[PDB]
2 protein chains.
Amino acid sequence: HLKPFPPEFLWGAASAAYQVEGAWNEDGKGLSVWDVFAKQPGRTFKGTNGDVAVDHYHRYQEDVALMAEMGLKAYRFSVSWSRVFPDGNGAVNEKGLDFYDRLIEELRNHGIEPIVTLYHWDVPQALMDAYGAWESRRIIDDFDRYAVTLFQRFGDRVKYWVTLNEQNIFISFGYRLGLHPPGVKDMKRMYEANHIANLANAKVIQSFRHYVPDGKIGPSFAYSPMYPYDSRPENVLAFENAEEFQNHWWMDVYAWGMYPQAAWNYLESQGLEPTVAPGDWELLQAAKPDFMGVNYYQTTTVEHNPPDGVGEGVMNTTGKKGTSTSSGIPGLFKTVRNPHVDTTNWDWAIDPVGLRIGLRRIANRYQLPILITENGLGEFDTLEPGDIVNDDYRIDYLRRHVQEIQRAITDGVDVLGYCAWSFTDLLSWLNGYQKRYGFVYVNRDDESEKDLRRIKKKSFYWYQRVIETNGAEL
Amino acid sequence: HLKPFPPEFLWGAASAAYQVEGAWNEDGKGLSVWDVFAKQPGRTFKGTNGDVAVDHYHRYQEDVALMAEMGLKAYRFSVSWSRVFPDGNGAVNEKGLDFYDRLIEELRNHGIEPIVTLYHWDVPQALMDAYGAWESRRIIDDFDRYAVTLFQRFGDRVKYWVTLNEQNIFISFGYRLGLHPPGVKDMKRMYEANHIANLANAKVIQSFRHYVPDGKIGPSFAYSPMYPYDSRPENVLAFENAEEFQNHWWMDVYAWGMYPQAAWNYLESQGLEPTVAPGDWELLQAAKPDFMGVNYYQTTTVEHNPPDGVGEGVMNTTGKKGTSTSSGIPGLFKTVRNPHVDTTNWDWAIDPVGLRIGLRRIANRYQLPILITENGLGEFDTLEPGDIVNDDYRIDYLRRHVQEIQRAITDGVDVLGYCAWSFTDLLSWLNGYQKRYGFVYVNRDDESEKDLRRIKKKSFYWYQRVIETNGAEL
Ligand SMILES: O=P(O)(O)OC[C@H]1O[C@@H](O)[C@H](O)[C@@H](O)[C@@H]1O
Ligand SMILES: O=P(O)(O)OC[C@H]1O[C@@H](O)[C@H](O)[C@@H](O)[C@@H]1O
C-alpha cells in the first residue's frame with residue numbers, strides 16, 4: 001500500500017541557461033567559457049552552439065504560458081553568471097538581472113514556484129582568463145558576490161535554491177576527460193579545482209543563511225548509484241571503492257564537510273590529493289544544506305579491475321547501441337554492462353528501481369530531504385502530421401521513475417519535489433538537438449534552425465494529468 | 001605496498017565466561033539465565049552445559065602461562081555478572097571480584113593486556129525472575145551498578161573495555177528465535193528489549209567517562225556484511241534492506257544514537273517499533289564509543305523476497321554441510337548461498353575479503369576505530385597419538401583473514417587489534433564441544449570431561465610466530 005505524494009509536492013521541470021536562452025551577446029552579456037568552447041571546431045556535434053539555442057531569452061513568455069497550461073508547480077532554471085557580471089567580478093549588469101526578474105515575475109504571476117540554480121557550468125570567460133576560474137581560490141569570493149547579488153534581489157520571491165549543479169560532471173569533464181571547458185586532462189588539477197568548488201559551495205550556503213533565512217538551499221549531485229556485478233567478494237569490494245570514489249567523494253563533503261578517508265589515502269599515495277589551507281575544514285563542516293539535490297538518469301554496475309586494467313573507456317556519442325566500453329580506475333573498479341536492465345541507444349541504463357535505491361542511500365546515509373532536480377529520457381522525436389509527437393517511450397520512462405519515487409516516499413524518504421528534464425527541447429552540450437528531452441517539442445534540428453516553434457508532445461499531456469491527480473493517476 | 005601493523009597492535013585471543021569457566025555454583029556465584037536454560041531438556045546438544053565447561057576458573061594459571069608462551073599481547077574475557085552479584089543487584093560477592101582480580105593480576109604479571117567484556121549473555125537469573133531482565137528499564141540501573149563496580153575495582157589496570165557483546169545475537173536469539181534465554185519468539189518484545197539494551201549500553205559508556213577517563217570502551221557487534229546476489233535492481237534493493245535491517249539497526253545507534261528511518265518505518269507499519277521515553281534520544285546520542293568492536297565470521301548474500309516468501313530458515317547445528325536453508329523477512333530480503341566462496345561444514349561462509357569489506361564499511365560510515373573482538377574457525381579436531389593436533393584448516397582461515405586486515409589498515413582503516421576466537425577450546429552455547437575453535441585443544445568431549453588437559457595445536461605455534469614478527473610473517 002503506497003503513501004500518496006504529499007500535498008505540496010513540487011511537480012517540476014528544469015532547464016539550464018546556456019542550453020536554452022540564446023541571446024549570447026545581447027543586453028550586455030559577457031562571454032562564458034561555453035561561448036568560447038563551443039565555437040572551437042570539432043568540440044560539439046555539427047558545430048552546434050548556444051548563440052540562439054531555443055531562444056528562450058526572447059520567448060520565455062510563451063514558454064511560461066505552456067508551463068501554466070501544463071500546471072507545473074515548479075520550474076527550475078539556471079542564472080547565467082555572465083549575464084549578471086559580464087566580467088565575473090566587475091560591475092553588475094542591470095539588464096542581466098532584469099531578465100531574471102521578468103522571468104520570476106512571469107512565473108509567480110502563474111502560481112509557479114521558481115527554483116534558481118546558481119551555477120550550471122557557464123563561468124565567465126574573463127575569470128578563466130584572469131586566474132583560471134575554478135583553479136583559483138579567488139573564484140570563491142567572486143562566486144559569493146554573484147550569489148549574494150541574486151540572494152538580495154530575488155530572495156523575497158525565491159524559496160528554493162540550488163548552488164552548484166553537477167559539480168562532479170563539470171569538474172570531471174572539464175579537468176579529467178577534457179570534454180568540457182577548460183578542456184584539461186590532468187587529475188591533479190581536477191582535484192584542486194574540485195576542492196575550490198567545494199569551498200565555494202560552502203561559502204554561499206553560509207551567505208544564504210544570512211540573506212535568505214527562510215529559504216532552502218543545497219547542491220545538486222549527478223548521482224549514478226553503483227552496483228556490484230555479483231556476490232563475488234572482489235566485485236563487492238570494487239563496488240565499495242566505486243560508490244565511495246564516484247559518489248561519497250562529493251556527497252560526504254556536501255553533507256558532512258569531510259572527504260572519505262580511503263579515497264583520500266588513495267589520492268595521497270598518487271600525489272593527487274588537494275591542497276588544504278587553514279580554515280577549509282571549518283568552512284566545509286559549517287555549511288549544512290537543507291536538501292540534497294539529485295540528478296538521476298541511471299545506475300552503474302562495476303567489477304574488479306586489476307592494477308593493469310581499464311582506465312578511460314569509450315563514450316557513446318553516436319546512438320549506436322553497444323558502442324560504449326568499460327571505464328575504470330586500475331586497481332579499484334571498472335564498469336560493466338548490467339545484464340538485467342535495458343539501455344537507451346546511448347547505452348544509458350534504464351533503471352527506475354535504481355532511483356529508489358539512490359534515494360534510500362541518501363536518506364540512510366545523511367538523513368537529508370531530497371529534491372530530484374533532473375530526470376528524463378533523451379530520444380529522437382518524429383513530428384507527425386497534425387502537430388503530433390507520440391513520445392510513448394518518454395512517457396514510459398518517466399512513469400516508472402515517478403512510481404519508484406512514490407515507493408521511496410512510502411519507505412520514508414523525504415522527497416521535496418521532482419523536476420523532469422526538460423520542459424522544452426534544448427541544446428545538448430555536445431550532441432546537438434536531435435536527442436530531445438522536452439515535454440514541448442521545439443521546431444529545429446542540427447542543420448536547419450527553422451522557426452523554433454513550440455509543439456506539445458504526448459508526454460506534455462501525460463504529465464499534465466500526473467500533476468492534476470497529484471501522482472495518483474500515472 | 002602494505003602498511004605494517006601498528007607497533008602497539010593488540011594481537012589477542014578471546015573467550016566468554018559461561019563457555020569457559022565452570023565452577024557454576026562455587027565461591028558464592030549465583031545462577032545465570034544460562035545455568036537455568038541449558039539444563040532444560042532439549043535446549044542444548046546432548047544436554048551439554050557450563051557446569052564445568054573447560055574449568056578455566058580453577059585452571060586460569062595454566063591457561064595464562066600458555067598465553068605467555070604464545071606471547072599474546074592481549075586476552076579478551078568476559079566477567080560473569082552472577083559471580084559478582086549472585087542475585088543481580090544486591091550485595092557484592094567479594095570472592096567473585098577476587099577471581100577476576102587474580103586473573104587480571106596474572107595477565108599483567110605476564111605482560112598481557114586484559115580486555116574486559118562486561119556482558120556476554122549471562123544476566124543473573126534473579127533479575128530475570130524479578131522483572132524479566134532486558135525487557136525492563138530496571139536493568140539499565142542494575143547493569144550500571146555492576147559496570148561501575150568493575151570500573152572502580154579494575155579501571156586502574158584495564159584500559160580496554162567492551163560493553164555488550166553481540167547485542168544483536170542475544171536479543172534476537174532470546175526474543176525472536178527462542179533459541180537463547182528467555183526462549184521467547186515475539187518480534188514486539190524483541191525490539192523493546194533491544195531498545196532497553198541500547199539505553200543500558202549508553203548509560204555505562206556515560207559512567208565510564210567519569211570512572212575511567214583514560215580508558216577506551218565500545219560495544220561489540222556481530223557483523224555479517226550483506227551482499228546482493230547480483231546487479232538485478234530488485235536484488236540490490238534487498239541488499240539495501242538487509243544491510244540496514246541487520247546491521248545499521250544496531251551500529252547507527254552505537255555510533256550516532258539514531259535508528260535508521262526506513263527500518264523504523266517498516267517496524268512502525270507493523271506495530272513493532274519500540275516504546276520511546278522522554279530523554280532516550282538524548283542519552284543514546286551522548287554516549288559516543290572510542291571504537292566499534294567487531295565479531296566477524298562470514299558475509300551474507302541476499303536476493304529479492306516477495307511478501308509471501310521466506311521467513312525463518314533451518315539452522316545447521318549438526319555439522320553436515322548443505323543443511324541450512326534460506327532465512328529472510330517477507331517483502332524485504334532473503335539469504336541465498338554465495339556461489340563464489342566456500343563454506344564450513346556448519347554452512348558458514350569463508351570470506352576473508354568480506355572482513356576487509358566490513359571494516360571498510362564501518363570506517364566509511366562512522367569513521368570509528370575498530371577492535372576486532374572475535375574471529376575464528378570452528379571445526380572438528382583429531383587428537384593424534386603423541387598429543388598432536390594438525391589444524392591446518394584453522395591456520396589457513398586465520399592467515400587469510402589477518403592478511404585482509406592488513407589490506408584494510410593500508411586502505412586507511414584504524415584497526416586497534418585482533419582477538420582470535422578462541423584461546424582454548426570451549427563450550428558452544430548450543431553445539432556442544434566438538435566444534436572447536438581453540439589454539440589450545442582441551443581434552444574432553446560431549447560425554448566426558450576426561451582430564452581436561454591442555455594441548456597446543458599447530459595453529460598455536462603459527463600464531464606465536466605471527467605475533468613475534470608483528471604480522472610480517474603469515
Ligand atoms: O548528452 P545528452 O544525452 O544530451 O545529456 C545531456 C544532459 O545530461 C545532464 O547530465 C545535464 O545536467 C543536462 O544539462 C544535459 O541536458
Ligand atoms: O559456531 P558456534 O559453536 O555456534 O559459536 C559461535 C561463536 O561466535 C559468536 O557467535 C559468539 O560470540 C561466541 O560465543 C560463539 O562461541
# chains A, B, ... in the order shown; residues from 1 in each chain; ligands from 1
$ residues_near_ligand --ligand "ligand 1" --cutoff "9 Å" --atoms "only C-alpha atoms and all ligand atoms" --output "PDB file with C-alpha atoms, in the first residue's frame"
ATOM      1  CA  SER A  15      16.448  23.768 -17.905  1.00  0.00           C
ATOM      2  CA  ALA A  16      19.934  25.330 -17.967  1.00  0.00           C
ATOM      3  CA  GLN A  19      21.160  25.153 -23.096  1.00  0.00           C
ATOM      4  CA  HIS A 120      25.268  25.369 -14.433  1.00  0.00           C
ATOM      5  CA  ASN A 165      24.713  21.781 -10.494  1.00  0.00           C
ATOM      6  CA  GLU A 166      26.505  18.513 -11.104  1.00  0.00           C
ATOM      7  CA  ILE A 169      30.338  16.474 -14.025  1.00  0.00           C
ATOM      8  CA  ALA A 222      24.824  13.905 -10.625  1.00  0.00           C
ATOM      9  CA  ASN A 295      20.108  14.498 -10.875  1.00  0.00           C
ATOM     10  CA  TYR A 296      19.455  10.916 -11.810  1.00  0.00           C
ATOM     11  CA  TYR A 297      19.401   9.063 -15.047  1.00  0.00           C
ATOM     12  CA  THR A 317      28.477   9.667 -28.941  1.00  0.00           C
ATOM     13  CA  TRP A 346      23.194   5.868 -25.995  1.00  0.00           C
ATOM     14  CA  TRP A 348      22.379   4.632 -20.742  1.00  0.00           C
ATOM     15  CA  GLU A 374      16.800  16.275 -13.088  1.00  0.00           C
ATOM     16  CA  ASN A 375      15.416  13.052 -14.534  1.00  0.00           C
ATOM     17  CA  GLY A 376      14.432  12.407 -18.114  1.00  0.00           C
ATOM     18  CA  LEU A 377      14.832  10.341 -21.255  1.00  0.00           C
ATOM     19  CA  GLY A 378      16.616  11.601 -24.369  1.00  0.00           C
ATOM     20  CA  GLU A 379      15.453  10.186 -27.686  1.00  0.00           C
ATOM     21  CA  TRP A 421      14.342  17.150 -17.708  1.00  0.00           C
ATOM     22  CA  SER A 422      13.397  19.018 -19.617  1.00  0.00           C
ATOM     23  CA  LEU A 426      17.052  22.254 -25.669  1.00  0.00           C
ATOM     24  CA  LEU A 427      20.642  22.260 -26.886  1.00  0.00           C
ATOM     25  CA  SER A 428      22.764  19.346 -25.732  1.00  0.00           C
ATOM     26  CA  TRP A 429      26.215  20.458 -24.617  1.00  0.00           C
ATOM     27  CA  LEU A 430      27.967  18.241 -27.170  1.00  0.00           C
ATOM     28  CA  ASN A 431      25.379  16.208 -29.096  1.00  0.00           C
ATOM     29  CA  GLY A 432      23.253  18.914 -30.699  1.00  0.00           C
ATOM     30  CA  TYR A 433      19.467  18.817 -30.823  1.00  0.00           C
ATOM     31  CA  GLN A 434      18.197  15.549 -32.195  1.00  0.00           C
ATOM     32  CA  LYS A 435      18.353  13.777 -28.786  1.00  0.00           C
ATOM     33  CA  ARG A 436      15.360  15.507 -27.223  1.00  0.00           C
ATOM     34  CA  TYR A 437      14.292  15.600 -23.559  1.00  0.00           C
TER      35      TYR A 437
END
$ residues_around --residues "segment 124-135 of chain B" --least-positions-apart "4" --cutoff "7 Å" --atoms "only C-alpha atoms" --output "MDAnalysis selection string"
chainID B and resid 30:33 81:82 86:88 139 192:193 196:197
$ closest_residue --among "A:200, A:408, A:466, A:357" --to "chain B" --atoms "only C-alpha atoms"
A:357
$ closest_residue --among "A:470, A:410, A:44, A:78" --to "chain B" --atoms "only C-alpha atoms"
A:410
$ residues_around --residues "segment 110-114 of chain A" --least-positions-apart "2" --cutoff "9 Å" --atoms "only C-alpha atoms" --output "PyMOL selection string"
chain A and resi 10+12+64-65+67-68+71-77+104-108+116+157-161
$ interface_residues --of "chain A" --to "chain B" --cutoff "9 Å" --atoms "only C-alpha atoms" --output "PyMOL selection string"
chain A and resi 227-234+236-237+240+244+260-266+301+338-341+351-354+356-357+360-361+363-365+367+410-413
$ decode --residues "segment 124-193 of chain A" --atoms "C-alpha atoms" --output "CSV table (one decimal), in the first residue's frame"
chain,number,residue,atom,x,y,z
A,124,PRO,CA,32.5,33.9,-17.3
A,125,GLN,CA,35.5,33.5,-19.7
A,126,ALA,CA,37.1,36.6,-18.2
A,127,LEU,CA,37.5,34.7,-14.9
A,128,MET,CA,39.2,31.8,-16.7
A,129,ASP,CA,41.4,34.5,-18.4
A,130,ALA,CA,42.2,36.4,-15.2
A,131,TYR,CA,43.1,33.5,-13.0
A,132,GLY,CA,42.0,30.1,-14.3
A,133,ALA,CA,38.4,30.2,-12.8
A,134,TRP,CA,37.8,27.2,-10.6
A,135,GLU,CA,41.6,26.5,-10.1
A,136,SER,CA,42.0,29.7,-8.0
A,137,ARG,CA,40.6,30.5,-4.6
A,138,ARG,CA,39.8,33.9,-6.0
A,139,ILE,CA,36.6,32.4,-7.6
A,140,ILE,CA,35.3,31.7,-4.0
A,141,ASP,CA,34.7,35.4,-3.2
A,142,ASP,CA,33.7,36.2,-6.8
A,143,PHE,CA,31.1,33.4,-6.8
A,144,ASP,CA,29.9,34.6,-3.4
A,145,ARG,CA,29.5,38.2,-4.6
A,146,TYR,CA,27.4,36.9,-7.6
A,147,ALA,CA,25.3,34.6,-5.3
A,148,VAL,CA,24.7,37.4,-2.8
A,149,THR,CA,23.6,39.7,-5.6
A,150,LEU,CA,21.0,37.2,-6.6
A,151,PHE,CA,20.0,36.5,-3.0
A,152,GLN,CA,19.4,40.2,-2.3
A,153,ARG,CA,17.5,40.7,-5.5
A,154,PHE,CA,15.3,37.6,-5.6
A,155,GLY,CA,15.4,36.2,-2.1
A,156,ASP,CA,12.0,37.7,-1.2
A,157,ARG,CA,10.5,35.7,-4.1
A,158,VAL,CA,12.5,32.5,-4.4
A,159,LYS,CA,12.3,29.9,-1.6
A,160,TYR,CA,14.3,27.1,-3.2
A,161,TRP,CA,17.8,27.4,-4.4
A,162,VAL,CA,20.4,25.1,-5.9
A,163,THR,CA,24.1,26.0,-5.7
A,164,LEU,CA,26.4,24.1,-8.0
A,165,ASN,CA,24.7,21.8,-10.5
A,166,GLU,CA,26.5,18.5,-11.1
A,167,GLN,CA,29.9,19.7,-9.8
A,168,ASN,CA,31.2,16.2,-10.3
A,169,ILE,CA,30.3,16.5,-14.0
A,170,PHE,CA,31.9,19.8,-14.9
A,171,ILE,CA,34.9,19.1,-12.8
A,172,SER,CA,35.4,15.7,-14.2
A,173,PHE,CA,34.6,16.5,-17.9
A,174,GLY,CA,36.5,19.8,-17.6
A,175,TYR,CA,39.7,18.6,-15.9
A,176,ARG,CA,40.0,14.9,-16.4
A,177,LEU,CA,38.2,13.9,-19.6
A,178,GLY,CA,38.9,17.2,-21.5
A,179,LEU,CA,35.3,17.2,-22.9
A,180,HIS,CA,34.2,20.5,-21.2
A,181,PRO,CA,36.0,23.8,-20.7
A,182,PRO,CA,38.7,24.2,-19.9
A,183,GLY,CA,39.5,21.0,-21.9
A,184,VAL,CA,42.1,19.7,-19.4
A,185,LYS,CA,43.2,16.1,-18.8
A,186,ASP,CA,45.0,16.3,-15.5
A,187,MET,CA,43.8,14.7,-12.3
A,188,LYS,CA,46.0,16.8,-10.0
A,189,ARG,CA,44.3,19.9,-11.4
A,190,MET,CA,40.9,18.2,-11.3
A,191,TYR,CA,41.0,17.6,-7.6
A,192,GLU,CA,42.4,21.1,-6.9
A,193,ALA,CA,39.5,22.8,-8.7
